[PDB]
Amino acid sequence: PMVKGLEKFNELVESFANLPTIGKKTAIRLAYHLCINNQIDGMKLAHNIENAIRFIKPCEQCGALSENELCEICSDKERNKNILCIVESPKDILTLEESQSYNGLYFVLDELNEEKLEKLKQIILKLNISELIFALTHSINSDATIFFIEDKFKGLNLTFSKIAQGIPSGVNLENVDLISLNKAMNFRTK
């Protein structure tokens, strides 16, 4: 065990250690803090975990975090039901809404299940989606996903687009990776 001679303490340490990006040292620090220094924070955390976990489930349509079977976005007819924006995570739906650039629909494609692809295929077929927008990070893996979705949905009159790769605000050109600089120059906008 990660802590010897403390059955319930070591279980808690183990639980923190199985969280993403949490190492052994941090787990022990967190478990000690909640057991000795602020037990109210621990109880607060446990209640919030159970509170958030039984009331927040993925939207049945797109997968966004939601308190109902359909999220606020899917339950909105004053919304372009002809554009579908594919993302890797539900957090990206919050971010893309915060930008105030898009009024269409979303779909969280965090995995390529045969079953999750079929759900995507049924949204495209039932809403008459004419354009897929890939709002993926610009990365080697996102390439693989766009290629896969490009080969899979070859016959559906779909238009495929992806959010632009380029340079953010207030960044000097030398503080940008060369591959983004290349794309920003080759795909300069008028």
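Residue numbers run from 1 along the displayed sequence.
K.L.:
Which is higher in the entry, the mean Cα B factor of 24 to 32 or that of 140 to 148?
P.N.:
Result: 140 to 148.
K.L.:
Is the mean CA B factor in the deposited entry higher across 74 to 82 or across 100 to 108?
P.N.:
Mean C-alpha B-factor is greater for 74 to 82.
K.L.:
Sort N157, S161, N51, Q39 by C-alpha B-factor from the entry and give me just the highest.
P.N.:
Highest C-alpha B-factor among the listed residues goes to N157.
K.L.:
Tell me, lowest, middle or highest third: where does the Cα B factor of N172 rank within its chain?
P.N.:
CA B-factor rank for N172: middle third.
K.L.:
Ranking every modelled residue in this chain by its Cα temperature factor as given in the entry, which third contains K183?
P.N.:
Middle third of the chain for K183's C-alpha B-factor.
K.L.:
Looking at the entry's B-factor column for C-alpha atoms only, identify whether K4 ranks in the lowest, middle or highest third of its chain.
P.N.:
Tercile = highest for this residue's CA B-factor.
K.L.:
Would you please rank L127 by its C-alpha temperature factor against the other modelled residues of its chain and give the third it falls in: lowest, middle or highest?
P.N.:
Its C-alpha B-factor belongs to the highest third of this chain's values.
K.L.:
Classify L117 as lowest, middle or highest third according to the C-alpha B-factor given in the PDB entry, relative to its own chain.
P.N.:
Highest third.
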